[PDB]
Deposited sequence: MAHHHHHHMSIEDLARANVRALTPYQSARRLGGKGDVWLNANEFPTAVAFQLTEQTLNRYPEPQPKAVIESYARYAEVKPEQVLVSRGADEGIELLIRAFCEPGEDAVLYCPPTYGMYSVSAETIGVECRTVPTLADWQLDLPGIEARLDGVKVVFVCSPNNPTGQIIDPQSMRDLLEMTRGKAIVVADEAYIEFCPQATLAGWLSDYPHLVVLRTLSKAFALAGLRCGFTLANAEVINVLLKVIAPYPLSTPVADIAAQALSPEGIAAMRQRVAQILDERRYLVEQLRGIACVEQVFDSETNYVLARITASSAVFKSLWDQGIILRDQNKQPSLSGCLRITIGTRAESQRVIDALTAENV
């Protein structure tokens, strides 16, 4: 047989893909909670392997989410949850994933990296689901991802449309509700629907309202039968002991109350930032959000984005996303950080 270079020994999809890629003082670009919550290690056992699925973390998250412990898996962020679902259910080259742009980019990245076709069905003008469009495109789909509330547009997906989607996929595909932002609108969660839908899965994270993006700790909620499949494909030791230690501390009753106050702070600050933005000459529209970010369409958005960037105010450009021409996504930070944004947009004179 003939020899190949390192780059040609790599899988064809790996050679072709573009991987996800990531200076100033105001960072409002990644939906992080704006201030650190300090935690110290309480378990000096680092010479020993951790538990594969740390019981205190699983049980505390299950109590918080009001599900059974056997309905909970813990992983390296909701990002790993996405990977596990495609790894378990999608035969590379034969099965597809489906998602609905404009939305979170890692469904596509994980699928393309694993070797699984992406089906895309743009949402409607209000970013609600195109159920007929999904129906037409479901052949060969094994996993459907729906972000609700959606990143980057901010709105909750209509609950009955999710039931309609779940009936459309019953016996055919897993439906994944990505609830990375559900702490900001907790009454909207679908985690209470597991008994109706054997194929429903919910992703959760500590990265956002819980203010622990640095831990890389996320959860998959599903019926036990789905959890048991995902535990067949997960790494033996996916959570380090320091992360398990801090996660358990964060998920105590005291930790939960603290998170709920973090959410209240963000909701109050979002109300302030939205009202201020709507008065700024370069802001064309601010879209209502149920999260810790708001999408704003801005006149000359690329010049404004670069202008704030050069001033050290780092937003998230969404101008290339389907339907989002002119839109920047602004995370809700501190009042001082909101005021930096307000003052810089006001100074843009466009």
**Asked** Where along the deposited sequence are residues missing from the model?
**Response** 1-5, 28-33
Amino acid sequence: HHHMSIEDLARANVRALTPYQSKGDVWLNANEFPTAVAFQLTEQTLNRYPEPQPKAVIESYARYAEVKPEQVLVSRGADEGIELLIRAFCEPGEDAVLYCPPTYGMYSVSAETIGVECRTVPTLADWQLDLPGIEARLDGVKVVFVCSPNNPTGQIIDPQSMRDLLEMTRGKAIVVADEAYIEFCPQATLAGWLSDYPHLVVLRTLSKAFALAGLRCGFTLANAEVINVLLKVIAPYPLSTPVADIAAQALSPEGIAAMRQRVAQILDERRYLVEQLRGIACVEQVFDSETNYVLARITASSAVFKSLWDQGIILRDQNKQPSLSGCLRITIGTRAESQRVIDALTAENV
From here on, numbers count along this sequence of modelled residues.
**Fill in**
With B-factors read from the PDB entry, the higher C-alpha mean of 42-50 and 279-287 is in 279-287
**Asked** Quick one: higher average CA temperature factor, 196-204 or 254-262?
**Response** 254-262
**Prompt:** Relative to the other modelled residues in the chain, which third contains the C-alpha temperature factor of residue 107: lowest, middle or highest?
**Reply:** lowest
**Item:** Entry-reported Cα temperature factor of residue 99, expressed as the chain third it lands in
**Value:** lowest
**Item:** Chain third (lowest, middle, highest) by recorded CA B-factor, residue given as residue 149
**Value:** lowest
**Request:** Select lowest, middle or highest to describe the third in which the CA B-factor of residue 225 falls within its chain in this entry.
**Result:** middle
**Prompt:** For residue 269, does the deposited CA B-factor place it in the lowest, middle or highest third of the chain?
**Reply:** highest
